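Undergrad: Below are the structure tokens for one structure; questions will follow.
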Protein chains: 2
Amino acid sequence: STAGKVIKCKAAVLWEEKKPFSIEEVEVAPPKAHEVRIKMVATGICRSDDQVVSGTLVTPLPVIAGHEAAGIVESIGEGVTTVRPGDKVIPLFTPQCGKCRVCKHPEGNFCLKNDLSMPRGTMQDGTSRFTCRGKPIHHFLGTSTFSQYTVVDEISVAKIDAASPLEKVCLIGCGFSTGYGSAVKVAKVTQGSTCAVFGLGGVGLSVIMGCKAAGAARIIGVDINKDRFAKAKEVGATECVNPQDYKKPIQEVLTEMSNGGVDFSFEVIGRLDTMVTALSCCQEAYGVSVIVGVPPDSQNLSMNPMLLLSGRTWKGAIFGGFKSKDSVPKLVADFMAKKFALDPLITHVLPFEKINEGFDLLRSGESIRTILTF
Amino acid sequence: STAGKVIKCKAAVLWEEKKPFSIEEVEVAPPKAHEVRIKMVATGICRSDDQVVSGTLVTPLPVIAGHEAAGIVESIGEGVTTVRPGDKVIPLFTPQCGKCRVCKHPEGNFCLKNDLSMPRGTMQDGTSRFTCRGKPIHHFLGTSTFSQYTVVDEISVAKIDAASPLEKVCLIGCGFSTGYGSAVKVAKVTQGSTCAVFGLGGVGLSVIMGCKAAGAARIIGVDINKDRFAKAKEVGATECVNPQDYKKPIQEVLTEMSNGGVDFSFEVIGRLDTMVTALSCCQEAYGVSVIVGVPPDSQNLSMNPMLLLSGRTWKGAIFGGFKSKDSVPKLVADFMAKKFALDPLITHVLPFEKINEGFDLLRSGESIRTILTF
Ligand SMILES: NC(=O)c1ccc[n+]([C@@H]2O[C@H](COP(=O)([O-])OP(=O)(O)OC[C@H]3O[C@@H](n4cnc5c(N)ncnc54)[C@H](O)[C@@H]3O)[C@@H](O)[C@H]2O)c1
Ligand SMILES: NC(=O)c1ccc[n+]([C@@H]2O[C@H](COP(=O)([O-])OP(=O)(O)OC[C@H]3O[C@@H](n4cnc5c(N)ncnc54)[C@H](O)[C@@H]3O)[C@@H](O)[C@H]2O)c1
Ligand SMILES: OCc1cccc(F)c1F
Ligand SMILES: OCc1cccc(F)c1F
Ligand SMILES: [Zn+2]
Ligand SMILES: [Zn+2]
Ligand SMILES: [Zn+2]
Ligand SMILES: [Zn+2]
């Protein structure tokens with residue numbers, strides 16, 4: 001019925017920075033070769049989507065944002081072989097083309113087809129599938145999940161278990177997997193280690209879950225909002241510290257708590273100063289610090305390279321280092337098997353139509369993750 | 001007939017920054033408990049010693065510098081068990097106490113008893129065994145090898161093979177091991193990888209030897225001094241590039257040459273700008289960059305953290321990541337077994353009395369390593 005035809009549906013369009021989303025009718029073109037059109041079932045509100053609104057994460061406007069979602073394939077373009085109409089799917093903000101140097105590397109996951117490094121806001125072919133008020137609307141990271149229907153390149157979608165609860169697993173599309181993988185895959189947290197986690201929102205909580213899963217003996221939560229501490233301890237933090245409580249810089253406090261520095265630190269906020277703090281708080285000879293949070297556009301940090309010379313390792317990762325198309329289905333399967341929990345991350349649920357209230361809850365600090373249902 | 005007595009001998013004293021060494025008589029006190037007095041046989045001139053003269057590496061003056069050396073034990077203090085008079089030894093600028101948390105960690109080597117982080121310029125007990133002109137002289141990194149005799153703490157000395165050529169193996173005390181281990185132990189260069197080495201002095205050449213030994217398929221030497229290329233190729237470099245030959249920044253050149261970034265980059269110069277450049281030239285998703293060069297005191301670098309978020313790993317190390325007391329005798333054994341070569345690194349061999357000439361060779365770029373003999 002809708003196959004091969006333009007679909008008119010509602011989407012949350014962001015016409016300008018620092019403005020509310022405008023929920024309105026958009027036209028969604030049918031999928032071209034190697035593209036997939038998806039009816040969205042649920043989508044998470046991630047801090048990154050808000051950074052697009054704030055303008056600290058830069059991507060071309062106007063745009064349909066949203067990148068953490070789950071849905072059902074409405075139709076496929078010519079040539080698609082990995083999903084079919086009716087399949088449950090999670091769109092991948094980091095693609096997996098499977099052919100580039102990175103996809104073929106055993107460790108890398110930042111596929112060269114990503115739209116993150118030099119964002120164009122289009123499909124892989126350099127055009128848009130979205131029209132609103134007669135004007136072309138940009139995509140975001142090849143996903144654009146703030147729409148009843150979106151179109152994504154095949155390399156940016158993964159087929160998941162047919163029995164998956166889409167209102168929970170959308171988190172595997174961003175927040176959960178990013179935090180969990182930062183701990184278990186990127187940092188490679190070891191059994192008996194001490195970890196510090198800067199930022200106790202959805203992603204930071206996921207890092208704590210990964211730290212616990214890996215067998216960390218101590219997991220120190222760091223956040224300026226003490227209301228986050230309860231849930232952090234629930235998912236595995238052994239102690240929580242608020243830097244505003246201390247007269248000395250937090251890296252000194254943590255170094256003292258850990259009796260000379262932590263084995264593993266994680267910056268999960270997106271501030272330049274906390275990236276440097278987190279690197280400093282790891283043990284100077286063998287510590288590892290992982291940058292997860294997204295820094296403000298085009299800003300450089302300043303640091304003393306002697307921090308590195310002594311032995312520290314500093315690294316960052318997108319999407320927890322997971323090769324996206326390979327891992328998402330495996331992660332969903334693991335979820336179905338009760339290997340990890342997602343409920344602790346979801347604090348609010350709202351209809352898609354209340355997306356602006358959802359962003360208000362994030363901005364206010366009230367929610368961890370709000371899931372929007374279509 | 002010197003054991004237990006003060007020794008009057010010649011040393012090269014640095015009384016002031018930016019001045020020649022003064023070759024003169026000093027008094028060397030006998031070793032106290034757990035100390036070892038060494039008659040120096042050979043000592044290398046390392047860029048780091050020149051950084052002490054330059055004032056860019058800060059340590060209390062006046063000082064007897066020198067940290068890359070080999071000699072023979074003259075006498076030992078009470079309680080020493082790992083060396084005995086007549087033993088061939090290499091002083092270790094990074095000690096191995098074997099009891100601290102770093103020493104007990106499987107990866108770390110920056111022992112907490114080091115005099116590098118916050119230099120005191122003394123023995124472990126906070127005193128000096130050197131007197132010159134009635135004035136106390138500081139030690140340098142617990143070693144001070146620019147003297148016919150020095151006294152070092154037991155944790156800062158390693159017994160080596162009785163048949164070692166001391167005029168060669170002194171390089172295992174700093175230069176060779178630092179470069180070699182940075183490749184094979186810190187970066188863990190993999191077979192068939194592409195490596196880039198910034199700085200083709202003695203340490204950079206040892207990095208190249210390590211990269212070659214690790215099975216790298218391409219090893220790109222980077223230096224502004226084209227005179228270094230020939231030797232770099234002899235020890236394993238496949239290509240050499242001079243940044244001054246190009247109109248575009250060298251990270252762009254290296255990224256193009258390596259079809260998207262190198263696997264492993266090494267900064268072996270000590271410049272803030274080349275540290276960032278070396279990081280940038282490694283592949284954005286899986287590249288690893290190792291800082292080896294010692295940067296100028298108290299200077300911060302500026303960098304865009306997106307370089308790390310995409311997947312890059314940045315680390316540094318002291319002494320090639322080798323746990324010093326454990327590795328040095330093994331490295332010497334390996335040298336005696338012809339597993340690596342040291343002759344390529346030695347370009348000049350001078351009597352100790354010509355130390356200042358030796359330093360002039362380094363500053364002018366004429367030498368790679370000059371070895372001073374006593
Ligand atoms: N690397 C990736 O692939 C990836 C994926 C998803 C999200 N992110 C990024 O991760 C970061 C965290 O996302 P999130 O959804 O958990 O965000 P969030 O806003 O829900 O959580 C951030 C937390 O940091 C805390 N915080 C703020 N300032 C702080 C300070 N000075 N010290 C300590 N804590 C402080 C806040 O109180 C909050 O609890 C964001 O920057 C987001 O863009 C990265
Ligand atoms: N991490 C450690 O344990 C350790 C140990 C020994 C030495 N070091 C440091 O390693 C560094 C190198 O030591 P070395 O003994 O090889 O010194 P060196 O002076 O022998 O070598 C420096 C090389 O860098 C090159 N160079 C200078 N400026 C450059 C530029 N802008 N671009 C490219 N190349 C440039 C020079 O031409 C020279 O060949 C020094 O900073 C030294 O202090 C560190
Ligand atoms: O939250 C998704 C995300 C992860 C990393 C970098 C981004 F820009 C981004 F939008
Ligand atoms: O060359 C020896 C050395 C290595 C690393 C750091 C230093 F300060 C230093 F002097
Ligand atoms: Zn790819
Ligand atoms: Zn996200
Ligand atoms: Zn130690
Ligand atoms: Zn040295």
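By convention in this document, the chains of the structure tokens carry letters A, B, ... by their order, each chain's residues are numbered from 1, and ligands are numbered from 1 in the order they are shown.
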Give one line per residue of chain A that approaches chain B to at most 7 Å, naming the two atoms of the closest pair and their distance in Å to one decimal, counting only C-alpha atoms; sort by chain then ascending residue number and deliver it as JSON lines.

TA:
{"residue": "A:102", "atom": "CA", "partner": "B:285", "partner_atom": "CA", "distance": 6.7}
{"residue": "A:107", "atom": "CA", "partner": "B:286", "partner_atom": "CA", "distance": 6.6}
{"residue": "A:108", "atom": "CA", "partner": "B:286", "partner_atom": "CA", "distance": 5.1}
{"residue": "A:109", "atom": "CA", "partner": "B:285", "partner_atom": "CA", "distance": 6.7}
{"residue": "A:110", "atom": "CA", "partner": "B:285", "partner_atom": "CA", "distance": 5.3}
{"residue": "A:285", "atom": "CA", "partner": "B:108", "partner_atom": "CA", "distance": 5.4}
{"residue": "A:286", "atom": "CA", "partner": "B:108", "partner_atom": "CA", "distance": 5.1}
{"residue": "A:291", "atom": "CA", "partner": "B:309", "partner_atom": "CA", "distance": 6.3}
{"residue": "A:292", "atom": "CA", "partner": "B:309", "partner_atom": "CA", "distance": 6.8}
{"residue": "A:299", "atom": "CA", "partner": "B:304", "partner_atom": "CA", "distance": 6.5}
{"residue": "A:300", "atom": "CA", "partner": "B:304", "partner_atom": "CA", "distance": 4.3}
{"residue": "A:301", "atom": "CA", "partner": "B:303", "partner_atom": "CA", "distance": 5.5}
{"residue": "A:302", "atom": "CA", "partner": "B:302", "partner_atom": "CA", "distance": 4.6}
{"residue": "A:303", "atom": "CA", "partner": "B:300", "partner_atom": "CA", "distance": 5.0}
{"residue": "A:304", "atom": "CA", "partner": "B:300", "partner_atom": "CA", "distance": 4.4}
{"residue": "A:305", "atom": "CA", "partner": "B:300", "partner_atom": "CA", "distance": 6.8}
{"residue": "A:308", "atom": "CA", "partner": "B:316", "partner_atom": "CA", "distance": 4.7}
{"residue": "A:309", "atom": "CA", "partner": "B:316", "partner_atom": "CA", "distance": 4.0}
{"residue": "A:310", "atom": "CA", "partner": "B:317", "partner_atom": "CA", "distance": 5.3}
{"residue": "A:311", "atom": "CA", "partner": "B:317", "partner_atom": "CA", "distance": 4.6}
{"residue": "A:312", "atom": "CA", "partner": "B:315", "partner_atom": "CA", "distance": 5.8}
{"residue": "A:313", "atom": "CA", "partner": "B:315", "partner_atom": "CA", "distance": 4.4}
{"residue": "A:314", "atom": "CA", "partner": "B:314", "partner_atom": "CA", "distance": 5.1}
{"residue": "A:315", "atom": "CA", "partner": "B:313", "partner_atom": "CA", "distance": 4.4}
{"residue": "A:316", "atom": "CA", "partner": "B:309", "partner_atom": "CA", "distance": 3.9}
{"residue": "A:317", "atom": "CA", "partner": "B:311", "partner_atom": "CA", "distance": 4.6}
{"residue": "A:318", "atom": "CA", "partner": "B:310", "partner_atom": "CA", "distance": 5.9}

Undergrad: Set the distance at 12 Å and use only C-alpha atoms: which residues neighbour residue 169 of chain A once local chain neighbours fewer than 4 positions away are removed? I'd like the list as a PDB file with N, CA and C atoms, in the first residue's frame.

TA:
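Saved result, around.pdb, follows:
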ATOM      1  N   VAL A  41       8.632   3.189  16.351  1.00  0.00           N
ATOM      2  CA  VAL A  41       7.817   2.772  17.459  1.00  0.00           C
ATOM      3  C   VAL A  41       8.166   3.488  18.718  1.00  0.00           C
ATOM      4  N   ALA A  42       9.452   3.659  19.004  1.00  0.00           N
ATOM      5  CA  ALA A  42       9.854   4.391  20.177  1.00  0.00           C
ATOM      6  C   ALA A  42      11.180   5.037  19.920  1.00  0.00           C
ATOM      7  N   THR A  43      11.417   6.148  20.598  1.00  0.00           N
ATOM      8  CA  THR A  43      12.715   6.842  20.471  1.00  0.00           C
ATOM      9  C   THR A  43      13.108   7.532  21.741  1.00  0.00           C
ATOM     10  N   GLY A  44      14.386   7.446  22.087  1.00  0.00           N
ATOM     11  CA  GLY A  44      14.853   8.060  23.315  1.00  0.00           C
ATOM     12  C   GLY A  44      15.259   9.522  23.130  1.00  0.00           C
ATOM     13  N   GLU A  68      18.304   7.577  18.753  1.00  0.00           N
ATOM     14  CA  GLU A  68      18.203   6.380  19.668  1.00  0.00           C
ATOM     15  C   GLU A  68      16.777   5.894  19.566  1.00  0.00           C
ATOM     16  N   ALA A  69      16.548   4.858  18.803  1.00  0.00           N
ATOM     17  CA  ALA A  69      15.176   4.460  18.448  1.00  0.00           C
ATOM     18  C   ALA A  69      15.061   3.020  18.020  1.00  0.00           C
ATOM     19  N   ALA A  70      13.836   2.515  17.944  1.00  0.00           N
ATOM     20  CA  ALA A  70      13.539   1.199  17.449  1.00  0.00           C
ATOM     21  C   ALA A  70      12.279   1.317  16.668  1.00  0.00           C
ATOM     22  N   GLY A  71      12.165   0.450  15.672  1.00  0.00           N
ATOM     23  CA  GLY A  71      10.987   0.550  14.820  1.00  0.00           C
ATOM     24  C   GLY A  71      10.762  -0.683  14.014  1.00  0.00           C
ATOM     25  N   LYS A  88      11.661  -6.025  13.003  1.00  0.00           N
ATOM     26  CA  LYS A  88      12.005  -5.051  14.021  1.00  0.00           C
ATOM     27  C   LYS A  88      13.443  -4.619  13.833  1.00  0.00           C
ATOM     28  N   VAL A  89      13.675  -3.337  14.005  1.00  0.00           N
ATOM     29  CA  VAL A  89      14.998  -2.752  13.739  1.00  0.00           C
ATOM     30  C   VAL A  89      15.374  -1.567  14.581  1.00  0.00           C
ATOM     31  N   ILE A  90      16.685  -1.413  14.729  1.00  0.00           N
ATOM     32  CA  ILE A  90      17.276  -0.320  15.412  1.00  0.00           C
ATOM     33  C   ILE A  90      18.168   0.385  14.424  1.00  0.00           C
ATOM     34  N   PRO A  91      17.881   1.644  14.152  1.00  0.00           N
ATOM     35  CA  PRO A  91      18.752   2.469  13.286  1.00  0.00           C
ATOM     36  C   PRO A  91      20.097   2.738  13.955  1.00  0.00           C
ATOM     37  N   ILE A 160      16.716  -6.783  14.565  1.00  0.00           N
ATOM     38  CA  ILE A 160      16.715  -7.367  15.895  1.00  0.00           C
ATOM     39  C   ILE A 160      15.592  -8.419  16.083  1.00  0.00           C
ATOM     40  N   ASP A 161      15.662  -9.170  17.186  1.00  0.00           N
ATOM     41  CA  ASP A 161      14.713 -10.246  17.541  1.00  0.00           C
ATOM     42  C   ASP A 161      13.262  -9.805  17.380  1.00  0.00           C
ATOM     43  N   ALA A 162      12.466 -10.653  16.748  1.00  0.00           N
ATOM     44  CA  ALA A 162      11.082 -10.311  16.480  1.00  0.00           C
ATOM     45  C   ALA A 162      10.223 -10.131  17.719  1.00  0.00           C
ATOM     46  N   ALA A 163      10.669 -10.651  18.837  1.00  0.00           N
ATOM     47  CA  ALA A 163       9.906 -10.518  20.058  1.00  0.00           C
ATOM     48  C   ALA A 163      10.382  -9.396  20.977  1.00  0.00           C
ATOM     49  N   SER A 164      11.269  -8.510  20.493  1.00  0.00           N
ATOM     50  CA  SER A 164      11.851  -7.454  21.318  1.00  0.00           C
ATOM     51  C   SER A 164      10.866  -6.369  21.730  1.00  0.00           C
ATOM     52  N   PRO A 165      10.914  -5.960  22.997  1.00  0.00           N
ATOM     53  CA  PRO A 165      10.132  -4.802  23.446  1.00  0.00           C
ATOM     54  C   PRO A 165      10.788  -3.484  22.992  1.00  0.00           C
ATOM     55  N   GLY A 173      20.259   1.487  21.024  1.00  0.00           N
ATOM     56  CA  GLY A 173      20.619   2.255  19.875  1.00  0.00           C
ATOM     57  C   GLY A 173      21.512   3.411  20.161  1.00  0.00           C
ATOM     58  N   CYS A 174      21.645   3.750  21.434  1.00  0.00           N
ATOM     59  CA  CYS A 174      22.625   4.745  21.803  1.00  0.00           C
ATOM     60  C   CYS A 174      23.141   4.620  23.220  1.00  0.00           C
ATOM     61  N   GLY A 175      22.402   5.155  24.156  1.00  0.00           N
ATOM     62  CA  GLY A 175      22.863   5.314  25.526  1.00  0.00           C
ATOM     63  C   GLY A 175      23.456   4.105  26.241  1.00  0.00           C
ATOM     64  N   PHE A 176      22.669   3.041  26.296  1.00  0.00           N
ATOM     65  CA  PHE A 176      23.137   1.853  26.982  1.00  0.00           C
ATOM     66  C   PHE A 176      24.400   1.353  26.344  1.00  0.00           C
ATOM     67  N   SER A 177      24.341   1.126  25.071  1.00  0.00           N
ATOM     68  CA  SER A 177      25.458   0.407  24.423  1.00  0.00           C
ATOM     69  C   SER A 177      26.742   1.250  24.525  1.00  0.00           C
ATOM     70  N   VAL A 328      24.487  -4.697  17.712  1.00  0.00           N
ATOM     71  CA  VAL A 328      23.152  -4.353  18.191  1.00  0.00           C
ATOM     72  C   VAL A 328      22.241  -5.566  18.372  1.00  0.00           C
ATOM     73  N   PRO A 329      22.154  -6.459  17.389  1.00  0.00           N
ATOM     74  CA  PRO A 329      21.272  -7.639  17.504  1.00  0.00           C
ATOM     75  C   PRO A 329      21.754  -8.565  18.638  1.00  0.00           C
ATOM     76  N   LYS A 330      23.060  -8.678  18.782  1.00  0.00           N
ATOM     77  CA  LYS A 330      23.622  -9.512  19.853  1.00  0.00           C
ATOM     78  C   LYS A 330      23.270  -8.882  21.215  1.00  0.00           C
ATOM     79  N   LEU A 331      23.366  -7.577  21.293  1.00  0.00           N
ATOM     80  CA  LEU A 331      22.990  -6.914  22.520  1.00  0.00           C
ATOM     81  C   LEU A 331      21.495  -7.044  22.856  1.00  0.00           C
ATOM     82  N   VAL A 332      20.641  -6.865  21.867  1.00  0.00           N
ATOM     83  CA  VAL A 332      19.238  -7.108  22.051  1.00  0.00           C
ATOM     84  C   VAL A 332      18.991  -8.554  22.520  1.00  0.00           C
ATOM     85  N   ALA A 333      19.653  -9.522  21.896  1.00  0.00           N
ATOM     86  CA  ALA A 333      19.494 -10.924  22.311  1.00  0.00           C
ATOM     87  C   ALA A 333      19.894 -11.101  23.776  1.00  0.00           C
ATOM     88  N   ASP A 334      20.977 -10.459  24.178  1.00  0.00           N
ATOM     89  CA  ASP A 334      21.481 -10.528  25.543  1.00  0.00           C
ATOM     90  C   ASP A 334      20.495  -9.905  26.498  1.00  0.00           C
ATOM     91  N   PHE A 335      19.933  -8.760  26.114  1.00  0.00           N
ATOM     92  CA  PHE A 335      18.838  -8.204  26.865  1.00  0.00           C
ATOM     93  C   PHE A 335      17.663  -9.197  27.036  1.00  0.00           C
ATOM     94  N   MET A 336      17.259  -9.871  25.972  1.00  0.00           N
ATOM     95  CA  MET A 336      16.110 -10.763  26.006  1.00  0.00           C
ATOM     96  C   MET A 336      16.418 -11.908  26.997  1.00  0.00           C
ATOM     97  N   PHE A 340      21.531  -7.958  31.089  1.00  0.00           N
ATOM     98  CA  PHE A 340      21.640  -6.625  31.653  1.00  0.00           C
ATOM     99  C   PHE A 340      20.234  -6.063  31.721  1.00  0.00           C
ATOM    100  N   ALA A 341      20.044  -5.003  32.483  1.00  0.00           N
ATOM    101  CA  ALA A 341      18.739  -4.327  32.629  1.00  0.00           C
ATOM    102  C   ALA A 341      18.735  -2.930  31.977  1.00  0.00           C
ATOM    103  N   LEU A 342      17.600  -2.540  31.427  1.00  0.00           N
ATOM    104  CA  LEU A 342      17.449  -1.237  30.820  1.00  0.00           C
ATOM    105  C   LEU A 342      16.485  -0.425  31.628  1.00  0.00           C
ATOM    106  N   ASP A 343      15.548  -1.048  32.353  1.00  0.00           N
ATOM    107  CA  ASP A 343      14.607  -0.264  33.165  1.00  0.00           C
ATOM    108  C   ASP A 343      15.214   0.777  34.076  1.00  0.00           C
ATOM    109  N   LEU A 345      17.368   2.808  33.562  1.00  0.00           N
ATOM    110  CA  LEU A 345      17.715   3.965  32.786  1.00  0.00           C
ATOM    111  C   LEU A 345      16.481   4.789  32.380  1.00  0.00           C
ATOM    112  N   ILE A 346      15.306   4.192  32.433  1.00  0.00           N
ATOM    113  CA  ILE A 346      14.153   4.861  31.869  1.00  0.00           C
ATOM    114  C   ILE A 346      13.401   5.393  33.031  1.00  0.00           C
ATOM    115  N   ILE A 371      11.593   8.054  27.116  1.00  0.00           N
ATOM    116  CA  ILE A 371      11.274   7.370  25.889  1.00  0.00           C
ATOM    117  C   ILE A 371       9.958   7.916  25.297  1.00  0.00           C
TER     118      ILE A 371
END

Undergrad: Would you please give, as a list in words, all residues of segment 164-287 of chain B that DSSP assigns to strand (DSSP E or B) based on the backbone?

TA: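 Filtering segment 164-287 of chain B down to strand (DSSP E or B) leaves residues 194, 195, 196, 197, 198, 218, 219, 220, 221, 222, 239, 240, 241, 262, 264, 265, 266, 267 and 282 of chain B.
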
Undergrad: Identify, on the basis of only C-alpha atoms, every residue whose closest approach to segment 196-199 of chain B does not exceed 7 Å; exclude the query and any residue fewer than 4 positions from it along the same chain; express the result as a ChimeraX atom specification.

TA: /B:204,219-223,262,264-269

Undergrad: Least-squares fit chain A onto chain B by Cα, in order, and just send back the RMSD.

TA: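 It comes to 0.1 Å after superposition.
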
Undergrad: Residues near residue 232 of chain B, anyone? I mean within 7 Å using only C-alpha atoms, not counting same-chain ones fewer than 4 positions away, as an MDAnalysis selection string.

TA: chainID B and resid 200 205 221 228 236:237

Undergrad: Restrict the selected residues to N, CA and C atoms and save them as a PDB file, in the first residue's frame.

TA:
ATOM      1  N   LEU B 200      64.252  11.384  14.557  1.00  0.00           N
ATOM      2  CA  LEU B 200      65.147  10.314  14.132  1.00  0.00           C
ATOM      3  C   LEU B 200      66.531  10.449  14.783  1.00  0.00           C
ATOM      4  N   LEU B 205      65.493   6.263  16.431  1.00  0.00           N
ATOM      5  CA  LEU B 205      66.057   5.099  15.748  1.00  0.00           C
ATOM      6  C   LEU B 205      65.774   3.824  16.500  1.00  0.00           C
ATOM      7  N   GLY B 221      59.799   7.520   8.730  1.00  0.00           N
ATOM      8  CA  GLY B 221      60.587   8.407   9.600  1.00  0.00           C
ATOM      9  C   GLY B 221      60.258   9.858   9.295  1.00  0.00           C
ATOM     10  N   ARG B 228      69.488  12.715   8.817  1.00  0.00           N
ATOM     11  CA  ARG B 228      69.094  11.554   9.614  1.00  0.00           C
ATOM     12  C   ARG B 228      68.499  10.431   8.800  1.00  0.00           C
ATOM     13  N   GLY B 236      65.588   0.335   9.442  1.00  0.00           N
ATOM     14  CA  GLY B 236      64.264  -0.144   9.207  1.00  0.00           C
ATOM     15  C   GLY B 236      63.263   0.803   8.615  1.00  0.00           C
ATOM     16  N   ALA B 237      63.557   2.089   8.505  1.00  0.00           N
ATOM     17  CA  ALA B 237      62.553   3.012   7.956  1.00  0.00           C
ATOM     18  C   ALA B 237      62.367   2.723   6.480  1.00  0.00           C
TER      19      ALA B 237
END

Undergrad: Using only C-alpha atoms, determine which residues lie at most 12 Å from residue 212 of chain A, disregarding the query and same-chain residues fewer than 3 positions distant; provide the list as a count of residues only.

TA: 33

Undergrad: For residue 156 of chain B, please output as an NGL selection string all residues within 12 Å (counting only C-alpha atoms; exclusion window: fewer than 5 positions along the same chain).

TA: :B and (34-38 or 67 or 80 or 82-83 or 89-98 or 111 or 113-115 or 123-124 or 140-144 or 150-151 or 173 or 323-326 or 328)

Undergrad: Taking only residues of segment 33-124 of chain A that have an atom at most 6 Å from an atom of segment 1-19 of chain A, what is each one's shortest atom pair and its distance in Å to one decimal, using only C-alpha atoms, in chain and number order, as a Markdown table?

TA:
| residue | atom | partner | partner_atom | distance |
| --- | --- | --- | --- | --- |
| A:53 | CA | A:17 | CA | 5.1 |
| A:54 | CA | A:18 | CA | 5.4 |
| A:62 | CA | A:15 | CA | 4.3 |
| A:63 | CA | A:14 | CA | 5.3 |
| A:64 | CA | A:13 | CA | 5.0 |
| A:75 | CA | A:3 | CA | 5.8 |

Undergrad: Keeping only N, CA, C and O atoms, write the selected residues to a file as a PDB file, in the first residue's frame.

TA:
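This is the output file again-v4.pdb:
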ATOM      1  N   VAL A  53      20.201  21.092  19.607  1.00  0.00           N
ATOM      2  CA  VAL A  53      19.332  22.256  19.817  1.00  0.00           C
ATOM      3  C   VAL A  53      20.158  23.433  20.360  1.00  0.00           C
ATOM      4  O   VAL A  53      19.952  24.597  19.959  1.00  0.00           O
ATOM      5  N   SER A  54      21.083  23.141  21.265  1.00  0.00           N
ATOM      6  CA  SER A  54      21.910  24.173  21.876  1.00  0.00           C
ATOM      7  C   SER A  54      22.926  24.754  20.926  1.00  0.00           C
ATOM      8  O   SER A  54      23.464  25.851  21.131  1.00  0.00           O
ATOM      9  N   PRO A  62      17.614  23.163   8.551  1.00  0.00           N
ATOM     10  CA  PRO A  62      16.729  22.560   9.554  1.00  0.00           C
ATOM     11  C   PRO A  62      16.924  21.066   9.533  1.00  0.00           C
ATOM     12  O   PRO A  62      17.397  20.543   8.532  1.00  0.00           O
ATOM     13  N   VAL A  63      16.525  20.380  10.589  1.00  0.00           N
ATOM     14  CA  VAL A  63      16.824  18.968  10.710  1.00  0.00           C
ATOM     15  C   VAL A  63      15.721  18.205  11.453  1.00  0.00           C
ATOM     16  O   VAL A  63      15.015  18.795  12.286  1.00  0.00           O
ATOM     17  N   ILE A  64      15.599  16.915  11.144  1.00  0.00           N
ATOM     18  CA  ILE A  64      14.854  15.976  11.988  1.00  0.00           C
ATOM     19  C   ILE A  64      15.928  15.255  12.783  1.00  0.00           C
ATOM     20  O   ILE A  64      16.732  14.481  12.223  1.00  0.00           O
ATOM     21  N   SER A  75       9.141  -0.539   4.341  1.00  0.00           N
ATOM     22  CA  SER A  75       9.509  -1.028   3.010  1.00  0.00           C
ATOM     23  C   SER A  75      11.014  -0.947   2.812  1.00  0.00           C
ATOM     24  O   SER A  75      11.725  -0.247   3.572  1.00  0.00           O
TER      25      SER A  75
END

Undergrad: Step one, run DSSP on the backbone; step two, keep only residues of segment 202-245 of chain A assigned to helix (DSSP H, G or I); then write them as an MDAnalysis selection string.

TA: chainID A and resid 202:213 226:234 243:245

Undergrad: Tell me, as a PyMOL selection string, which residues lie within 8 Å of residue 86 of chain B, counting only C-alpha atoms; anything in the same chain fewer than 6 positions away does not count.

TA: chain B and resi 72-74

Undergrad: Given the selection you just returned, output its residues as a file containing N, CA and C atoms, formatted as an mmCIF file, in the first residue's frame.

TA:
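Final file, part.cif:
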data_model
loop_
_atom_site.group_PDB
_atom_site.id
_atom_site.type_symbol
_atom_site.label_atom_id
_atom_site.label_comp_id
_atom_site.auth_asym_id
_atom_site.auth_seq_id
_atom_site.Cartn_x
_atom_site.Cartn_y
_atom_site.Cartn_z
ATOM 1 N N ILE B 72 81.179 -0.560 36.941
ATOM 2 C CA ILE B 72 81.501 -1.683 37.731
ATOM 3 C C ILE B 72 81.409 -1.306 39.188
ATOM 4 N N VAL B 73 80.798 -2.173 39.971
ATOM 5 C CA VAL B 73 80.560 -1.922 41.362
ATOM 6 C C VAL B 73 81.884 -1.840 42.101
ATOM 7 N N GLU B 74 82.044 -0.811 42.889
ATOM 8 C CA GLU B 74 83.272 -0.610 43.682
ATOM 9 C C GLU B 74 83.030 -1.080 45.089
#

Undergrad: Between A:203, A:59, A:185, A:128, which is the closest to ligand 6 once you count only C-alpha atoms and all ligand atoms?

TA: A:203
